[PDB]
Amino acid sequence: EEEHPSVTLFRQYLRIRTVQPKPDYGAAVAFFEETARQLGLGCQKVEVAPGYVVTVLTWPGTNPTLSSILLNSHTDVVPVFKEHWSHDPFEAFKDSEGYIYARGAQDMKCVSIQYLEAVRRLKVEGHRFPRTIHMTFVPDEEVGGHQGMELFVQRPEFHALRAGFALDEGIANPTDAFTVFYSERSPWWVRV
């Protein structure tokens, strides 16, 4: 079928069953590793806890001593009561009006694929920026991140990224506007 290839990639990744409480993380890591090889990105797997691999894809900048841009996202999704769905939550069915139904279609596999396709387009079209970009794909966010991002930020592999600024998920907005979570200085929850 005729379909934009970014949408096809999104639907592929929606079909990987990274659903709690036992996500298919092995298949997600393999998908990111193969994507890194196709895109010509460096790939580092950091197993922060047994069974919990953080995958980092890296596009080095022209000034690699500047701090980097982190494009972060989580690979797990919350459970389903599948009897209440119009389409199988792991089929990634796209209806004739263009709607893609899946657990993860909003939270947050869309963003992971958007980062990957934006990088692919900019890189293959010949753009180069001073700052390195790292895409980090972490497990375990939907249960509090205690075997995922909370551990990753103490790792030497994390410190080596020399992060200068991160993006991660927002939330859908039903209006024409977009929501953005803003924080500055020390975050309010450590103030304390």
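All residue numbers refer to positions in the sequence shown, first residue = 1.
*Asks:* Mean C-alpha B factor from the entry: is it higher for 59 to 67 or for 158 to 166?
*Replies:* Per the PDB record, 59 to 67.
*Asks:* Is the mean CA B factor in the deposited entry higher across 135 to 143 or across 36 to 44?
*Replies:* In the deposited entry, the stretch with the higher C-alpha B-factor mean is 36 to 44.
*Asks:* Quick one: which of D107, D88, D76, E117 shows the highest Cα temperature factor in the PDB entry?
*Replies:* The listed residue with the largest C-alpha B-factor is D88.
*Asks:* Looking at the C-alpha B-factor of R103, is it in the lowest, middle or highest third of its chain?
*Replies:* It belongs to the lowest third of the chain when residues are ordered by C-alpha B-factor.
*Asks:* Grab the CA temperature factor for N173 from the record and place it in the lowest, middle or highest third of its chain.
*Replies:* Lowest third of the chain for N173's C-alpha B-factor.
*Asks:* Name the third of the chain's ranked CA B-factors that contains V153, choosing lowest, middle or highest.
*Replies:* Its C-alpha B-factor, which the entry lists for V153, ranks in the highest third among residues of this chain.
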